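Asks: Can you keep this structure in mind? I'll have questions shortly.
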Amino acid sequence: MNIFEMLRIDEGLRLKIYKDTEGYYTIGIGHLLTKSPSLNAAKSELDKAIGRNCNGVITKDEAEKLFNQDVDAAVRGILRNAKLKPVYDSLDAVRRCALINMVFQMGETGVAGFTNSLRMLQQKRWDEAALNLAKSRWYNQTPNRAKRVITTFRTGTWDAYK
Ligand SMILES: [Cl-]
Ligand SMILES: [Cl-]
């Protein structure tokens with residue numbers, strides 16, 4: 001199991017513009033287009049993103065290209081982020097994937113705000129960190145996905161995904 005396979009499981013794949021769990025305009029593999037209510041604002045960002053006239057529809061390849069960029073951006077952001085880098089460096093391979101998973105989902109800014117949880121992960125206090133992460137709007141809104149990531153952190157294995 002790898003990061004791409006993990007996120008493909010959590011985000012799904014859709015070739016037509018759609019609304020995410022939060023109501024925002026998304027396409028492909030969790031690729032957020034805009035927070036704006038307008039489908040037109042979305043369709044424009046989409047053509048900007050692909051470099052063609054899409055009229056809200058893309059190919060598998062295009063969805064994958066976008067997915068490649070996003071995971072990459074997610075990894076570079078963690079590495080560049082002063083609060084995230086140290087946690088990431090302190091972690092094993094599996095748990096590293098889990099942190100990338102949250103960053104792709106909520107952005108660098110959101111994860112960086114989970115101060116207490118980050119501190120417990122860095123300290124390797126698994127169980128405590130798992131209970132703390134569950135106390136968030138994130139877990140309340142997408143419980144099944146949150147549980148999967150959280151177990152990944154608690155255990156250090158791909159069990160939740162297999
Ligand atoms: Cl809460
Ligand atoms: Cl969910």
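Ordering of the structure tokens sets the chain letters (A, B, ...), residue numbers begin anew at 1 in every chain, and ligands are numbered from 1 in the order given.
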Quick one: residues within 9 Å of residue 103 (chain A), only C-alpha atoms, excluding same-chain residues fewer than 6 positions away - as a list in words?

Replies: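 Final neighbour list, sorted by chain and number: residues 74, 75, 77, 78, 109, 110, 111 and 112 of chain A.
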
Asks: Taking 3 positions as the minimum chain separation for residues in the same chain, which residues sit within 10 Å of residue 147 (chain A) when counting only C-alpha atoms? Answer as a ChimeraX atom specification.

Replies: /A:130,133-134,139,142-144,150-153,160

Asks: Would you return as a VMD selection string the members of chain A that DSSP assigns to strand (DSSP E or B) on this structure's backbone?

Replies: chain A and resid 14 to 19 25 to 28 31 to 34 57

Asks: What would the file look like if the residues just selected were written as a PDB file, in the first residue's frame with C-alpha atoms?

Replies:
```
ATOM      1  CA  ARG A  14     -14.702  11.605 -10.444  1.00  0.00           C
ATOM      2  CA  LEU A  15     -14.337  12.884 -13.967  1.00  0.00           C
ATOM      3  CA  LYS A  16     -17.025  15.499 -13.666  1.00  0.00           C
ATOM      4  CA  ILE A  17     -17.097  18.584 -11.350  1.00  0.00           C
ATOM      5  CA  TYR A  18     -18.759  17.730  -8.171  1.00  0.00           C
ATOM      6  CA  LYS A  19     -19.325  19.035  -4.715  1.00  0.00           C
ATOM      7  CA  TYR A  25     -16.457  22.476  -6.230  1.00  0.00           C
ATOM      8  CA  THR A  26     -13.949  19.546  -6.725  1.00  0.00           C
ATOM      9  CA  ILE A  27     -12.887  17.304  -9.607  1.00  0.00           C
ATOM     10  CA  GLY A  28     -10.616  14.187  -9.985  1.00  0.00           C
ATOM     11  CA  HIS A  31      -8.705  18.270  -6.320  1.00  0.00           C
ATOM     12  CA  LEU A  32     -10.457  21.380  -4.844  1.00  0.00           C
ATOM     13  CA  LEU A  33     -11.210  23.905  -7.409  1.00  0.00           C
ATOM     14  CA  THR A  34     -12.885  26.759  -5.573  1.00  0.00           C
ATOM     15  CA  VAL A  57     -15.171  17.351 -17.603  1.00  0.00           C
TER      16      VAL A  57
END
```

Asks: Quick one: residues within 12 Å of ligand 2, with only C-alpha atoms and all ligand atoms, as a PDB file with N, CA and C atoms, in the first residue's frame?

Replies:
```
ATOM      1  N   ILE A   9      -8.327   5.766  -2.174  1.00  0.00           N
ATOM      2  CA  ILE A   9      -9.358   5.100  -1.381  1.00  0.00           C
ATOM      3  C   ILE A   9     -10.176   6.128  -0.593  1.00  0.00           C
ATOM      4  N   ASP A  10      -9.554   7.099   0.028  1.00  0.00           N
ATOM      5  CA  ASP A  10     -10.245   8.118   0.794  1.00  0.00           C
ATOM      6  C   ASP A  10     -11.013   9.225  -0.006  1.00  0.00           C
ATOM      7  N   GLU A  11     -10.521   9.563  -1.186  1.00  0.00           N
ATOM      8  CA  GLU A  11     -11.083  10.634  -1.969  1.00  0.00           C
ATOM      9  C   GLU A  11     -11.964  10.191  -3.128  1.00  0.00           C
ATOM     10  N   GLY A  12     -11.711   9.003  -3.670  1.00  0.00           N
ATOM     11  CA  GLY A  12     -12.496   8.544  -4.801  1.00  0.00           C
ATOM     12  C   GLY A  12     -12.000   9.204  -6.074  1.00  0.00           C
ATOM     13  N   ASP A  20     -17.785  18.562  -2.960  1.00  0.00           N
ATOM     14  CA  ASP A  20     -17.172  17.820  -1.896  1.00  0.00           C
ATOM     15  C   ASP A  20     -18.098  17.734  -0.672  1.00  0.00           C
ATOM     16  N   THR A  21     -17.617  17.149   0.393  1.00  0.00           N
ATOM     17  CA  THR A  21     -18.450  16.991   1.555  1.00  0.00           C
ATOM     18  C   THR A  21     -18.827  18.308   2.130  1.00  0.00           C
ATOM     19  N   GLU A  22     -17.987  19.334   1.875  1.00  0.00           N
ATOM     20  CA  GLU A  22     -18.216  20.669   2.437  1.00  0.00           C
ATOM     21  C   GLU A  22     -19.038  21.577   1.550  1.00  0.00           C
ATOM     22  N   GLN A 105      -5.889  16.810   2.593  1.00  0.00           N
ATOM     23  CA  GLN A 105      -7.276  17.053   2.943  1.00  0.00           C
ATOM     24  C   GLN A 105      -7.538  18.437   3.501  1.00  0.00           C
ATOM     25  N   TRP A 138     -13.017  18.043  12.173  1.00  0.00           N
ATOM     26  CA  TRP A 138     -12.611  17.067  11.140  1.00  0.00           C
ATOM     27  C   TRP A 138     -13.210  15.671  11.385  1.00  0.00           C
ATOM     28  N   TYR A 139     -13.084  15.157  12.591  1.00  0.00           N
ATOM     29  CA  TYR A 139     -13.577  13.852  12.881  1.00  0.00           C
ATOM     30  C   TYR A 139     -15.083  13.859  12.858  1.00  0.00           C
ATOM     31  N   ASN A 140     -15.678  14.971  13.332  1.00  0.00           N
ATOM     32  CA  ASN A 140     -17.153  15.085  13.357  1.00  0.00           C
ATOM     33  C   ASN A 140     -17.778  15.107  11.979  1.00  0.00           C
ATOM     34  N   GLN A 141     -17.127  15.784  11.062  1.00  0.00           N
ATOM     35  CA  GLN A 141     -17.587  15.856   9.693  1.00  0.00           C
ATOM     36  C   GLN A 141     -17.353  14.616   8.802  1.00  0.00           C
ATOM     37  N   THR A 142     -16.173  13.978   8.856  1.00  0.00           N
ATOM     38  CA  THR A 142     -15.901  12.817   7.976  1.00  0.00           C
ATOM     39  C   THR A 142     -15.393  11.743   8.858  1.00  0.00           C
ATOM     40  N   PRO A 143     -16.276  11.192   9.701  1.00  0.00           N
ATOM     41  CA  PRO A 143     -15.806  10.198  10.667  1.00  0.00           C
ATOM     42  C   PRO A 143     -15.120   8.955  10.142  1.00  0.00           C
ATOM     43  N   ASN A 144     -15.596   8.352   9.061  1.00  0.00           N
ATOM     44  CA  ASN A 144     -15.014   7.097   8.583  1.00  0.00           C
ATOM     45  C   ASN A 144     -13.574   7.275   8.072  1.00  0.00           C
ATOM     46  N   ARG A 145     -13.363   8.375   7.285  1.00  0.00           N
ATOM     47  CA  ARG A 145     -12.030   8.739   6.809  1.00  0.00           C
ATOM     48  C   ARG A 145     -11.127   9.138   8.027  1.00  0.00           C
ATOM     49  N   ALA A 146     -11.602  10.040   8.909  1.00  0.00           N
ATOM     50  CA  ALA A 146     -10.856  10.386  10.103  1.00  0.00           C
ATOM     51  C   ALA A 146     -10.400   9.105  10.848  1.00  0.00           C
ATOM     52  N   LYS A 147     -11.298   8.134  11.095  1.00  0.00           N
ATOM     53  CA  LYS A 147     -10.986   6.881  11.799  1.00  0.00           C
ATOM     54  C   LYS A 147      -9.912   6.072  11.148  1.00  0.00           C
ATOM     55  N   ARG A 148      -9.992   6.029   9.839  1.00  0.00           N
ATOM     56  CA  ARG A 148      -8.968   5.348   9.084  1.00  0.00           C
ATOM     57  C   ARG A 148      -7.599   5.995   9.301  1.00  0.00           C
ATOM     58  N   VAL A 149      -7.477   7.341   9.214  1.00  0.00           N
ATOM     59  CA  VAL A 149      -6.182   8.031   9.381  1.00  0.00           C
ATOM     60  C   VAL A 149      -5.646   7.903  10.791  1.00  0.00           C
TER      61      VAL A 149
END
```

Asks: Return as an MDAnalysis selection string the full set of residues in region 4-158 of chain A whose backbone-based DSSP assignment is alpha helix (DSSP H).

Replies: chainID A and resid 4:11 39:50 60:80 84:90 93:112 115:122 126:133 137:141 143:155

Asks: Under the rule that only C-alpha atoms are counted, which of A:66, A:58, A:6, A:71 is the nearest residue to residue 98 (chain A)?

Replies: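 That would be A:6, the residue with the smallest distance to residue 98 (chain A).
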
Asks: Give me, as a VMD selection string, the set of residues whose atoms come within 7 Å of any atom of ligand 1, counting only C-alpha atoms and all ligand atoms.

Replies: chain A and resid 135 to 137

Asks: Quick one: of A:92, A:72, A:128, A:45, who's nearest to residue 116 (chain A), counting only C-alpha atoms?

Replies: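 Looking only at the distances to residue 116 (chain A), the closest residue turns out to be A:128.
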
Asks: What does the structure give for the distance between CA of residue 1 (chain A) and CA of residue 158 (chain A), in Å to one decimal?

Replies: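 Separating CA of residue 1 (chain A) from CA of residue 158 (chain A) is a distance of 7.2 Å.
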
Asks: Using only C-alpha atoms, which of the listed residues (A:101, A:108, A:121, A:63) sits closest to residue 89 (chain A)?

Replies: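 Among the listed residues, A:121 lies closest to residue 89 (chain A).
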
Asks: Using only C-alpha atoms for the distances, tell me which of A:96, A:64, A:87, A:114 is nearest to residue 156 (chain A).

Replies: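 Comparing A:96, A:64, A:87, A:114 against residue 156 (chain A), the winner is A:96.
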
Asks: Excluding residue 126 (chain A) and residues on its chain fewer than 6 positions from it, collect all residues at most 9 Å away from it, counting only C-alpha atoms, and give them as an MDAnalysis selection string.

Replies: chainID A and resid 120 153:155
